[PDB]
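S.K.: Take a look at this one; I'll ask things after.
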Amino acid sequence: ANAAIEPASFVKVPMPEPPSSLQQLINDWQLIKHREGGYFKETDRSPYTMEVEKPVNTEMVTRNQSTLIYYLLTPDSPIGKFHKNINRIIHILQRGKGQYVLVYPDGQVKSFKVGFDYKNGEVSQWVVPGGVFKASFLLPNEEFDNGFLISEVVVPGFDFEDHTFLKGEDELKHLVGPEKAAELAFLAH
Amino acid sequence: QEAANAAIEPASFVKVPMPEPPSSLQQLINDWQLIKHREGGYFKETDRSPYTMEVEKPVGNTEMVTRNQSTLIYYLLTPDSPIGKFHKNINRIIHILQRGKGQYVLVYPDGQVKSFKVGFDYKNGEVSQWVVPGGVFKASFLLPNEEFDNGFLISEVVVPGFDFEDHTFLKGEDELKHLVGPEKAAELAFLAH
Ligand SMILES: Nc1ncnc2[nH]cnc12
Numbered sequence: 009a010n011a012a013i014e015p016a017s018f019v020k021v022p023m024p025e026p027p028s029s030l031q032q033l034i035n036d037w038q039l040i041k042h043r044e045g046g047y048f049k050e051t052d053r054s055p056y057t058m059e060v061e062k063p064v070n071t072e073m074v075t076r077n078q079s080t081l082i083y084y085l086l087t088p089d090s091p092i093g094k095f096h097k098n099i100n101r102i103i104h105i106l107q108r109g110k111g112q113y114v115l116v117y118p119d120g121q122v123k124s125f126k127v128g129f130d131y132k133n134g135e136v137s138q139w140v141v142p143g144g145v146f147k148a149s150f151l152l153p154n155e156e157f158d159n160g161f162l163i164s165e166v167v168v169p170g171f172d173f174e175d176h177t178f179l180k181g182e183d184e185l186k187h188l189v190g191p192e193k194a195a196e197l198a199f200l201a202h
Numbered sequence: 006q007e008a009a010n011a012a013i014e015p016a017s018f019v020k021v022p023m024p025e026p027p028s029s030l031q032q033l034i035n036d037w038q039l040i041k042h043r044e045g046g047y048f049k050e051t052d053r054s055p056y057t058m059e060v061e062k063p064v069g070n071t072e073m074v075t076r077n078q079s080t081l082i083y084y085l086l087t088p089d090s091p092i093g094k095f096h097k098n099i100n101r102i103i104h105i106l107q108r109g110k111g112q113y114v115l116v117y118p119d120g121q122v123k124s125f126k127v128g129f130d131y132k133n134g135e136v137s138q139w140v141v142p143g144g145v146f147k148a149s150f151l152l153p154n155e156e157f158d159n160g161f162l163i164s165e166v167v168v169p170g171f172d173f174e175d176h177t178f179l180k181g182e183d184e185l186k187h188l189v190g191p192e193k194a195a196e197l198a199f200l201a202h
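Those protein sequence lines, which keep their order, are chains A and B. For the first sequence, the residue numbers in the authors' numbering are 9 to 64, 70 to 202. For the second sequence, the residue numbers in the authors' numbering are 6 to 64, 69 to 202.
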């Protein structure tokens, strides 16, 4: 809790197209649609590898030390559906405004806003622990033509073998009860 | 080195820094509890991974060492402290533009010296995120802008996590000379001593 989930109109019913400025940026930077939704683009992957213990009795797997991506939400596709990661993820706000909703394994729900107006409780830099489900949606905002741009750094570096989607609203019901699950259903597959 | 090469051109602020920072920035400094950094500017370590990693460090001949997997930082340049003075780092550092505008000046051990601008107006060669290879000396300075009241705020991620052994900062222009023509160095002097 803390933020109050109130999806703008384009969040509930996404728009067919994003404003042209966001289109430009999308094409110039060659961002692509992510599995979760929104646009992204891995811009860095450490040349350094590191061995890491991973449960299968565990097993050693090797990953890059770190990975960086640009992640962008837009009226075009404003939601980044509920997904979980093995490693902690660092998020750095760059432009616009958005909101995050985290579902902890014990079933606790947390939601907060991302933006540069810290006085009004807007975070511009946040970390979400591995194992914690997360989703985020675009918040309307001028200043960045209704867009939301952030940078993400994963350590060890991202690897889909470490990524897992919330299995629909079902598993949501299991985690937060039906009444809450229903509320956050728009953020899941 | 894909960043568009930029023209090193300070402003009144840079060469003749202000006495105190402008109210809005000063307020941010107080609220976020940012401290003036050794190399200049203000900062704060926001996140230091609880998870660790063993890394091999030289002392040829080397030896293992434990490091936090990563460190996060808020770095801000203001008209009263507009320069991030030249300094190296064993590891690569990821930089992410957040507010304001600025310019970076790098000096590779080959003597090679690139310089680019940080801003969101990429249609003009400005970059919003950049990685500086360990080993390279980096300096940065403030660029007048209105969006962020002449401030320049970025975030830096270091992995392995920052340790003082990983840090060093060239002194005076002498070392700057034996890295760049004593001439080209003269120009890049305000980012040194
Ligand atoms: N580098 C990356 N590649 C794919 N999905 C990601 N999610 C976060 N970072 C990612």
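Where is the CB? At the ideal position from N, CA and C, for every residue including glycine.
1) If we ignore side chains and look at the alpha-carbon of each, how far apart do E25 of chain B and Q31 of chain B end up?
2) Report all residues for which the CB-ligand distance to some heavy atom of ligand 1 is below 6 angstroms; order them along the chain.
3) Could you pull the start and end residues of the beta strand (DSSP E) that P63 of chain A belongs to?
4) I'd like to know if the stretch 116 to 125 of chain A and the stretch 70 to 86 of chain A are in contact, where contact means that at least 3 CB-CB pairs between them fall below 8 angstroms.
5) Buried or exposed: where does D89 of chain A fall if 16 or more other Cβ atoms within 10 Å of its Cβ makes it buried?
6) Decide if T177 of chain A is buried, meaning its Cβ has at least 16 other Cβ atoms within 10 Å, or exposed.
7) Taking all protein chains shown into account, decide if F171 of chain A is buried (16 or more other Cβ within 10 angstroms of its Cβ) or exposed.
8) From the DSSP output, which residues share a beta bridge with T80 of chain A?
9) Where DSSP assigns a beta bridge to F125 of chain A, which residues make up the other side?
10) So which residues on chain A does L81 of chain B lean against when the C-beta distance must stay under 9 angstroms?
11) What's the C-alpha gap between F173 of chain A and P63 of chain B?
12) Would you check if the distance between the CB atom of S164 of chain B and the CB atom of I105 of chain A is smaller than 8 angstroms?
13) Mind checking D52 of chain A: buried by the 16 CB within 10 Å criterion, or exposed?
14) How many Å lie between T71 of chain B and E61 of chain B at the Cα?
15) If we ignore side chains and look at the alpha-carbon of each, how far apart do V140 of chain A and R101 of chain A end up?
16) From B:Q78, B:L179, B:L185, pick the residue whose C-alpha is nearest to that of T57 of chain B; which is it?
17) Under 8 angstroms between C-beta atoms, does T177 of chain B make it to chain A?
18) Mind pulling the chain A residues with CB within less than 8 angstroms of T51 of chain B?
19) With which residues is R108 of chain B paired in a DSSP beta bridge?
20) Could you pull the DSSP bridge partners for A16 of chain B from this structure?
21) If we count the other Cβ atoms within 10 Å of its Cβ and call it buried at 16 or more, is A195 of chain B buried or exposed?
22) When you compare only the Cα positions, how much space is there between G109 of chain A and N133 of chain B?
23) Measuring only between beta-carbons, confirm whether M73 of chain B sits less than 8 angstroms from chain A.
24) Which of the three DSSP states is assigned to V141 of chain B in this structure?
25) Is the Cβ of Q38 of chain B closer than 8 angstroms to any Cβ of chain A?
M.R.: The answer reads as follows:
1) Residue mapping note: residue 25 of chain B aligns to position 20 of the second sequence, counting from 1. Residue mapping note: residue 31 of chain B aligns to position 26 of the second sequence, counting from 1. The C-alpha of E25 of chain B lies about 8 angstroms from the C-alpha of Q31 of chain B.
2) Ordered along the chain, residues surrounding ligand 1 are A:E50, A:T80, A:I82, A:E165, A:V167, A:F171 [Cβ under 6 angstroms from any heavy atom].
3) One-based indexing of the first sequence puts residue 63 of chain A at position 55. In the DSSP assignment, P63 of chain A falls within the beta strand (DSSP E) that extends over 57 to 63.
4) They do not touch, by the three-pair rule.
5) Indexing the first sequence from 1 puts residue 89 of chain A at position 76. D89 of chain A should be labelled buried.
6) Your numbering for residue 177 of chain A matches position 164 in the first sequence. Counting Cβ neighbours within 10 Å, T177 of chain A comes out exposed, since fewer than 16 surround it.
7) Translated into positions along the first sequence, residue 171 of chain A becomes position 158. By the 10 Å Cβ count, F171 of chain A comes out buried.
8) Position 67 of the first sequence, counted from the first residue, corresponds to residue 80 of chain A. BP columns for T80 of chain A point to A:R53, A:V167.
9) As a first step, residue 125 of chain A is located in the first sequence; it is residue number 112 there, counting from the start. Beta-bridge pairing links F125 of chain A to A:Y113.
10) Residue numbering aside, residue 81 of chain B sits at position 72 when the second sequence is read from its first letter. The contacting residues are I103, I105, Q138, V140, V166.
11) As a working mapping, residue 173 of chain A is identified with position 160 in the first sequence. As a working mapping, residue 63 of chain B is identified with position 58 in the second sequence. Distance between the alpha carbons of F173 of chain A and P63 of chain B: 33 angstroms.
12) Taking the first residue of the second sequence as 1, we reach residue 164 of chain B at position 155. Taking the first residue of the first sequence as 1, we reach residue 105 of chain A at position 92. In this structure, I105 of chain A lies closer than 8 angstroms to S164 of chain B by Cβ.
13) The residue you call residue 52 of chain A lines up with position 44 of the first sequence. Around the CB of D52 of chain A, 16 or more other CB atoms lie within 10 Å, so the residue is classed as buried.
14) Within the second sequence, numbered from 1, the residue matching residue 71 of chain B stands at position 62. Within the second sequence, numbered from 1, the residue matching residue 61 of chain B stands at position 56. When rounded, the separation of the alpha-carbon atoms in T71 of chain B and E61 of chain B is 7 angstroms.
15) As a working note, residue 140 of chain A is residue 127 in the first sequence. As a working note, residue 101 of chain A is residue 88 in the first sequence. Taking the straight line joining both Cα atoms gives about 7 angstroms.
16) Translated into positions along the second sequence, residue 57 of chain B becomes position 52. When only C-alpha atoms are compared, the closest one is B:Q78.
17) Numbered from its first residue, the second sequence carries residue 177 of chain B at position 168. No, no contact with chain A.
18) The count along the second sequence starts at 1 and reaches residue 51 of chain B at position 46. Those within 8 angstroms of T51 of chain B in chain A are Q138.
19) What you label residue 108 of chain B is simply residue 99 of the second sequence in a count that begins at 1. In the DSSP output, where bridge partners are listed per residue, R108 of chain B has B:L162.
20) Stepping through the second sequence from its first residue, residue 16 of chain B is reached at position 11. The partner list for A16 of chain B (beta bridge, DSSP) is empty, contrary to what the question assumes.
21) Numbered from its first residue, the second sequence carries residue 195 of chain B at position 186. Flag for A195 of chain B reads exposed.
22) By 1-based counting over the first sequence, the position of residue 109 of chain A is 96. By 1-based counting over the second sequence, the position of residue 133 of chain B is 124. Cα to Cα, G109 of chain A sits roughly 21 angstroms from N133 of chain B.
23) Against the second sequence, residue 73 of chain B aligns to sequence position 64. False, the Cβ-Cβ gap to chain A never drops below 8 angstroms.
24) Residue 141 of chain B sits at position 132 when you count from the first residue of the second sequence. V141 of chain B: strand per DSSP, three-state reduction.
25) Your numbering for residue 38 of chain B matches position 33 in the second sequence. Answer no: the Cβ-Cβ gap between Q38 of chain B and chain A never drops below 8 angstroms.
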